[PDB]
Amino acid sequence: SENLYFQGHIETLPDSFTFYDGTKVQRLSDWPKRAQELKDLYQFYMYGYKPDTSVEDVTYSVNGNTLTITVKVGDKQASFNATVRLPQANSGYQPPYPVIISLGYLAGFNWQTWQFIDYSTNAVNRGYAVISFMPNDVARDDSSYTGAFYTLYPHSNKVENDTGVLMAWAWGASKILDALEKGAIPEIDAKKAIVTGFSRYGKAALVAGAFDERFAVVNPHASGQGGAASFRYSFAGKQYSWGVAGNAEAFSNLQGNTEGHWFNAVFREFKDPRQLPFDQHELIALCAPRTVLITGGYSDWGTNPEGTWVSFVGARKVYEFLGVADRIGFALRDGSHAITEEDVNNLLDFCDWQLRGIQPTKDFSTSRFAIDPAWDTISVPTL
């Protein structure tokens, strides 16, 4: 069954270039209106709503390596800590520096010793500041709906209050950027901010990049289903040259008691992902015209490697339409579900290119996957 002439399969991928009312996106000036529709769809049907930022008062305090972020909403206020690491002069770069805001530590896990491997060193040595926070401080990874976000915005089932945990974590990243824009760390350039996260935090990194236009680089790492991976296209059992694909995460697993708190109540009622009014090529395209880098592993089957490619190819159509196709990149590598040194180095190479003009040695526009006419069904509008 390796003859691909007889392996094709067609899903309907909701068209990025069709407005909610059925008319077509034709001009560059049409895109902002279409993007707002997609943001409204994703908030109502999947993640819940980002709160109005205009009525949040953000203050900060710096003590050694700790940046304390404090936010006040009405008569309530809540704080959480972020850890700051800056480059030295010997990096060959002077302040202010671009900054990687990491949801979780920028660090890998050694399965032999169960010790962590700090990759924030790689970043500061290449002239990137690193600010990390612990996402559970902002919202716990469960259905208690507690943490700094929910102190300020108590959860309920009313549409305006039914905000899921991934949107809460993304809000955490945005609050650090708020403090940086207010000059909390003068050595950091808030206009060169990069958001990154692994696995569950990679889903939230993508949400942060789609809903907060100030991030210059968005890096969902191994984000999988509910992140960059297509809901409608998965390839369990397909024979690749590096192996037979395992199962991608099941839609119902996203909705159940171990993960459903990531999303809202509407999302948890769907019977089938084909009922969603979008697929994830649209969430990625919400980052345009800012830059996005999809990283992960070719053998990380639960995150749906080729379905992530499907979403990337479809999202890139919007980037092409806007005239900035170079700003979306793809970089899977060998192996499985992990933060590896190569993942971090690929991010830093992508940032040096997009932010500093340094030409990369990697081709960020291709992969091991072919482009399959069966799923390559989003097309750029004619001029």
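We number the residues from 1 along the sequence you see.
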For this session: Name the higher of the two by mean Cα B-factor in the PDB entry, 251-259 versus 282-290.
Result: 251-259
Seminar exercise, completed: Averaging the C-alpha temperature factors as deposited, the higher value of 369-377 versus 21-29 falls on 21-29
Exercise. Looking at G237, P305, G202, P95, which has the highest Cα B-factor in the entry?
Worked result: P95
Seminar exercise, completed: Based on the PDB entry, the highest CA temperature factor among the options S132, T146, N219, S311 is that of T146
Problem set entry | Third of the chain, ranked by Cα B-factor, where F116 sits | middle
Exercise. Of the three thirds of its chain by CA temperature factor, lowest, middle or highest, which one includes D142?
Worked result: middle
For this session: Please place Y150 in the lowest, middle or highest third of its chain by C-alpha B factor as given in the entry.
Result: highest
Exercise. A245: which third of its chain by C-alpha temperature factor?
Worked result: lowest
For this session: Determine, from the deposited record, the chain-internal third of the Cα B-factor for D272: lowest, middle or highest.
Result: highest
